[PDB]
């Protein structure tokens with residue numbers, strides 16, 4: 001459940017630091033679900 | 001690779017069976033059993049018979065069955081094109097291909113690169129290893145009837161033209177007694193694969209010439225069938241395709257060369273079991289990206305497979321009536337036997353821009369030679 | 001020789017070793 | 001404009017992005033900065049960035065695109081647009097965007113890392129691995145780059161395992177363990193993600209048991225030597241691990257598996273669930289009650305933490321299959337009610353019903369599961385087992401074959417049952433060696449057993465079946481090695497219990513071995 005988030009700084013935002021902050025095709029209807037590379041991406 | 005359109009063909013191109021075909025950027029080379037070697041210009045214009053732009057040279061009375069061409073720019077402006085062939089008698093011959101300044105005709109020049117002691121062997125298979133950043137010198141590998149694999153280095157200069165072949169070493173058969181070495185290949189990463197008539201493939205390291213793997217592809221050892229007909233390396237990946245017999249069937253098996261483990265096999269339902277072709281698989285070929293494999297079958301079909309999913313994509317059928325000029329159609333052989341579905345001897349993928357003509361300028365091409373003594377060219381639909 | 005073979009005639013690891021050596 | 005730029009750059013360096021976004025928005029919407037805004041793209045960039053740290057990724061896409069139209073040479077605008085596209089499930093577009101940004105500024109470092117993550121998401125492990133190796137070579141101080149390299153290594157290894165490349169998966173797992181050891185020893189950086197990655201990697205050695213002797217027990221000791229409620233049950237400790245004897249390789253592998261789970265309320269619930277899953281794996285592999293007790297204890301604590309996840313209920317139902325069937329039934333019903341799109345709970349309930357010898361309930365649930373997930377190979381296996389128990393033979397063979405075909409090598413049980421069924425149907429059938437179908441079936445069974453031995457070797461029944469199949473297939477070279485291994489296993493088994501009932505099978509194995517010679 002943990003991941004990485006990037007916090008840019010200043011004008012012309014450049015990555016300055018990171019912090020440690022707190023679903024498949026057959027389970028979820030979300031667009032953000034995991035992509036399975038075995039099946040066809042077209043059909 | 002889903003749609004293939006025929007662009008040019010030449011029936012009755014040779015007087016005997018065309019056993020092998022090879023291509024370079026400038027032309028396509030064919031060898032036949034009548035002892036001739038034909039060069040077909042790749043840069044054809046609209047409304048031009050392929051036989052108009054063709055040149056032939058006689059090599060050996062016993063006929064030829066293997067051919068490979070090496071083309072490279074060796075210096076700032078020097079260009080060399082070499083053709084290596086082997087005959088039924090077992091001779092290894094080398095020819096330098098050059099073109100006239102005015103007439104633009106092809107000239108054949110014979111080269112002498114093998115020493116007297118090297119001429120006592122009977123070679124069967126051969127393969128040019130071009131420079132691919134692995135080492136600065138080109139390589140030539142060949143097998144003999146005793147099962148041994150030989151490796152050479154070609155030195156064009158000694159700019160002064162003075163070709164010389166230097167023997168690196170030999171690799172012996174893995175089994176006692178020795179068997180027949182039927183096929184050979186060399187990869188860009190520096191690996192050599194050899195096939196044998198008992199179904200065994202051996203892999204050795206190019207630099208040090210020592211064996212690495214010995215895997216057996218036989219379905220069962222009840223009978224002495226299942227010889228290896230073709231071994232091919234993937235152009236970029238660590239994959240090796242094996243074409244082997246199975247008691248009147250044709251099979252293709254995939255291996256990965258990092259550890260040498262069996263990955264799977266390609267098969268389709270045919271008139272049960274795991275067989276790729278009805279009769280036999282005689283040749284294999286990878287495309288530029290290494291994602292599609294083409295198998296030439298004795299049954300008269302070209303099948304295209306998806307490497308990752310191990311599933312067939314499309315099938316091309318060969319007919320004797322596909323020849324454009326009707327006077328060049330060979331319906332029956334010298335014994336009256338039918339040739340409506342002639343078997344394919346060899347198949348070759350041509351890189352993009354090698355073969356120009358009717359819309360083939362920006363996509364990959366394909367060439368094959370069949371049993372009706374014909375040579376055919378195809379192009380992949382679309383672009384890239 | 002094996003115990004089972006001896007009995008029949010009468011009637012007629014790696015990870016652990018490395019772990020100890022490393023310590 | 002000038003004053004607006006001054007205030008924006010003053011608030012941007014605090015950092016405080018909400019105020020900067022508000023100022024940029026009120027400057028843009030004022031319609032009084034027409035000529036100035038066609039030469040600079042800082043206001044749109046600030047608005048997009050502020051939306052980006054707010055995790056409203058889709059809202060910043062249009063702002064970054066407008067800022068890029070105003071100035072096509074802003075590298076940070078491209079980076080922001082790609083990082084926004086990634087969170088919206090637009091992975092290929094993000095890949096192209098990162099390629100564009102890299103083309104503008106080849107020295108940019110984070111762009112290559114993001115591109116590698118995207119390539120891993122779409123399944124391009126070679127290019128992403130090359131990019132991340134080069135990035136870590138350029139700057140090895142960054143922790144995120146090392147963690148990303150380890151992540152890509154683990155994902156590549158798991159994908160190879162799922163695709164059937166079992167020989168390179170262990171090598172990539174060893175590489176991942178070496179990288180983890182390097183990270184912990186040198187950077188002295190610890191996080192839950194790296195230990196979860198290590199535990200995921202350690203399962204490959206237990207799963208591929210024929211290559212378990214390759215486990216790097218030297219790096220793992222230093223990994224566990226450079227960093228209590230459940231300890232009294234399992235009694236798994238580093239000191240006890242070091243001072244141990246008469247311990248098998250697989251037991252040490254499982255004990256190593258249960259140390260990364262204990263060395264790492266959503267987070268605590270995940271932690272205890274991970275420990276319980278590791279202990280459940282150990283209990284299934286070694287069959288010792290203390291592992292079951294530890295697994296049940298961890299599952300109970302994790303449920304007491306959240307109690308709103310299906311996986312914890314599935315694990316609790318699995319760990320209590322034999323002690324009580326009512327508890328397992330309740331756990332599986334709760335898990336199914338929590339997540340109705342999971343087809344594993346129905347199969348677990350079917351197996352529980354079959355273990356109690358209630359065939360009708362198992363048949364009904366397997367019919368429902370077949371209606372639900374026709375592409376999975378487990379319901380067909382259950383139906384085949386039911387029909388074999390009943391007495392039907394042809395239908396059982398057909399279902400076993402269908403399960404084997406659907407499995408595509410991902411199931412050990414499918415391979416084993418297919419081989420056993422093929423051997424049973426063709427042992428005294430009076431068929432000749434000229435039948436193509438029978439020889440092809442024997443070849444397929446031999447290949448399936450060869451694949452089976454790579455994961456679970458030293459199995460007596462499978463070894464004997466393979467010996468018979470290889471005798472029928474004239475493969476006398478493999479049968480010699482298989483019979484040597486079988487004889488060794490039998491000798492080891494009979495040299496400990498000091499029994500005498502094993503002499504009956506010893507004679508049969510010796511006769512088969514003589515036939516092989």
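A few comments on the model shown:
- Failed item, numbered, when residue B:241 is tested on (1) part of a strand (DSSP E or B); (2) surrounded by fewer than 21 Cβ atoms within 10 Å (Cβ to Cβ): (2)
- Any chance residue D:399 is more than 24 Å from residue D:324 (Cα to Cα) and surrounded by 21 or more Cβ atoms within 10 Å (Cβ to Cβ): yes
- Exactly one residue out of D:213, D:247 is assigned to a loop (DSSP other than H, G, I, E, B), within 14 Å of chain C (Cβ to nearest Cβ), touching a helix residue (DSSP H, G or I) at 6+ places or on another chain (Cβ under 6 Å) and on the phi < 0 side of the Ramachandran plot: that is D:247.
For (1) more than 24 Å from residue A:21 (Cβ to Cβ); (2) more than 11 Å from chain A (Cβ to nearest Cβ), each residue gets a yes or a no:
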position: D:47; (1), (2): no, yes
position: D:62; (1), (2): yes, yes
position: D:73; (1), (2): yes, yes
position: D:91; (1), (2): no, no
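- Annotation: of all residues in the stretch B:276-314 being more than 30 Å from residue A:36 (Cβ to Cβ) and either within 14 Å of chain D (Cβ to nearest Cβ) or in a loop (DSSP other than H, G, I, E, B) (or both), the one that is farthest from the chain's Cα centre (by Cα) is B:278.
- Pairs linking a residue in the stretch D:73-91 that is closer than 10 Å to residue A:32 by Cβ to a residue that is surrounded by fewer than 20 Cβ atoms within 10 Å (Cβ to Cβ), with Cβ atoms under 6 Å and 6 or more positions apart or on different chains, are D:87/D:57; D:88/D:57; D:88/D:58; D:89/A:31; D:89/A:32.
- When A:32, A:2 are screened for being touching a helix residue (DSSP H, G or I) at 6+ places or on another chain (Cβ under 6 Å) and either within 7 Å of chain D (Cβ to nearest Cβ) or loosely packed, with under 11 Cβ neighbours inside 10 Å (or both), only A:2 passes.
- Among the residues of this structure, residue D:151 does not count as one that is within 12 Å of chain A (Cβ to nearest Cβ), outside any helix (DSSP H, G or I) and on the phi < 0 side of the Ramachandran plot.
A short reminder: the numbers here are calculations on the coordinates, not readings from a lab. As a convention, Cβ positions derive from the backbone with ideal geometry for all residues, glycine included, and neighbour counts pool all protein chains shown.
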